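Since the structure comes first, as structure tokens, the remarks are kept for the end.
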Amino acid sequence: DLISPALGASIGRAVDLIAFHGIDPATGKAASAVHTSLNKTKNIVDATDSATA
Amino acid sequence: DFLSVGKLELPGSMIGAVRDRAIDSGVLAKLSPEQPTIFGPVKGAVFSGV
Numbered sequence: 106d107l108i109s110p111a112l113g114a115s116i117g118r119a120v121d122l123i124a125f126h127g128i129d130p131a132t133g134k135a136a137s138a139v140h141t142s143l144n145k146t147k148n149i150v151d152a153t154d155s156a157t158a
Numbered sequence: 004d005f006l007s008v009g010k011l012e013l014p015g016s017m018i019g020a021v022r023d024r025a026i027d028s029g030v031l032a033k034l035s036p037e038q039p040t041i042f043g044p045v046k047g048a049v050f051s052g053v
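Residue numbers (the UniProt record's numbering), protein chains in the order written: chain A, 106 to 158; chain B, 4 to 53.
Structure (structure tokens):
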């Protein structure tokens with residue numbers, strides 16, 4: 106009921122993490138086997154107090 | 004002098020008995036449902052997740 110479903114989701118989070126930060130889901134270190142992520146885009150916007158805007 | 008009303012000491016009328024404010028019985032009934040078990044020190048295991 107608990108262990109198997111969690112372990113099953115553990116990879117579903119892994120792919121999502123790889124495609125967003127290019128990180129190893131185990132350790133907060135950048136991966137060497139991954140070249141590009143959706144974070145390394147140059148079109149960034151510094152968040153303010155508005156959040157909505 | 005004369006004959007007043009203060010001599011008789013007439014009894015007043017009872018409006019009734021009312022609470023001051025509505026009763027606050029708690030909120031833990033809405034948040035988490037009750038889990039009634041038998042008498043004894045209850046235990047349980049939990050797993051954080053992922």
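Where a beta carbon is used, it is the ideal one built from N, C-alpha and C, also for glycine.
In the three-state reduction of the DSSP assignment, A:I128 falls in the strand class, which pools E and B. Rounded to whole angstroms, the gap between the alpha carbons of A:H126 and B:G29 is 45 Å. Taking a contact as a CB-CB distance under 8 Å, the pair A:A136 and A:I128 counts as one, their CB atoms being some 6 Å apart. Bounds of the alpha helix (DSSP H) holding B:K33 are 31-34. In the structure shown, A:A135 falls within a strand segment according to DSSP collapsed to helix, strand and coil. With a threshold of 8 Å between beta carbons, B:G52 makes contact with chain A. For A:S109, no Cβ of chain B is located within less than 8 Å of the residue's own Cβ.
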